């Protein structure tokens, strides 16, 4: 809350102290939507750190959209989702309630993975530098590495809850009671038969007993969470620290760092409603009453698609909807009435956070038209 704002005030102020003396320019990024990760990598991974602090503007190939802010927000969102596509073998999903991601230890699947990891770290740092939001969610282990905190074996509960609660049982009980064997090595699932990595000198030939099980629990977590991904972490943090210095980002906690990158964890329609502007409609016009009724009738997944529709991103800025950013400064969510025809679907200008809403003739039609638009056009810019 307020203590978070105090940190961010100091954080942003020192960030702007470091670029005093930088003639910033607008830097174009030409990408194809279906190749947004590969295209952005080709267009940005060889830029200097000073160049990365330029103002990026996005040009989607074959799309009328002109980036006045809304295209960059969508670019950050769709590139953050494609970095965790398992087809790139860069990241994997951590098993748990909420889905977070882990560095894939088999990332040498991709021969240039260390180049891509530095780029992924650059993008995350660039998103924080730009005060833009990503659809990234990491484990407590990963956040601790960025913050320079030491990883403890208790952090395994967030990385793998059931593996961790297998370790508490090993610590709590006797090895004579397990029914299986354990050695000082952990499995290399690189599509090989019983290929293992040692947790200790000649660890694969050493049995886990009650005399050494605490050492095993400590060693296996340091491996699972830092040793097995040592080179990929260094590449990521290298690209990250090139833009955001380590001394500055480490003032935050793991929860604060997550909010800094992903924004607010929920979409509050009531907060959006008290920070909405209307042009040609009034707050009590019938289509506005039907609109909020329809928006409230959406589940959390559909109200995310709606946020993407009118702003470009599914994420909410940290200061709420009263700080929704537009071109020059703050531009609250606004709804304009579309007088052209009532058979048109609703339209949006993501740079102004503006929704063009036709004067529909029934609540059923408005709800149907709104849900169709946000579901079948959550992304993509067909208008200027």
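Residue numbers count along the first chain shown, from 1.
Relative to one another, 162 to 170 and 247 to 255 have unequal mean CA B-factors, and 162 to 170 is the one with the higher figure. When the C-alpha B-factors of 342 to 350 and 322 to 330 are averaged, 322 to 330 comes out higher. Of the candidates 306, 241, 180, 292, it is 180 whose Cα B-factor is highest according to the PDB record. The PDB entry assigns its highest CA temperature factor, among 209, 226, 154, 287, to 154. In the deposited entry, the Cα temperature factor of residue 1 sits in the top third of values across the chain's modelled residues.
Split the chain's modelled residues into thirds by C-alpha temperature factor. Residue 200 is in the middle one. Residue 84: CA B factor lies in the highest third for its chain, per the PDB record. Placement of the Cα temperature factor of residue 43 within the chain: lowest third of the modelled residues, per the deposited record.
Per the PDB record, residue ranking by Cα B-factor puts residue 313 in the lowest third of the chain.
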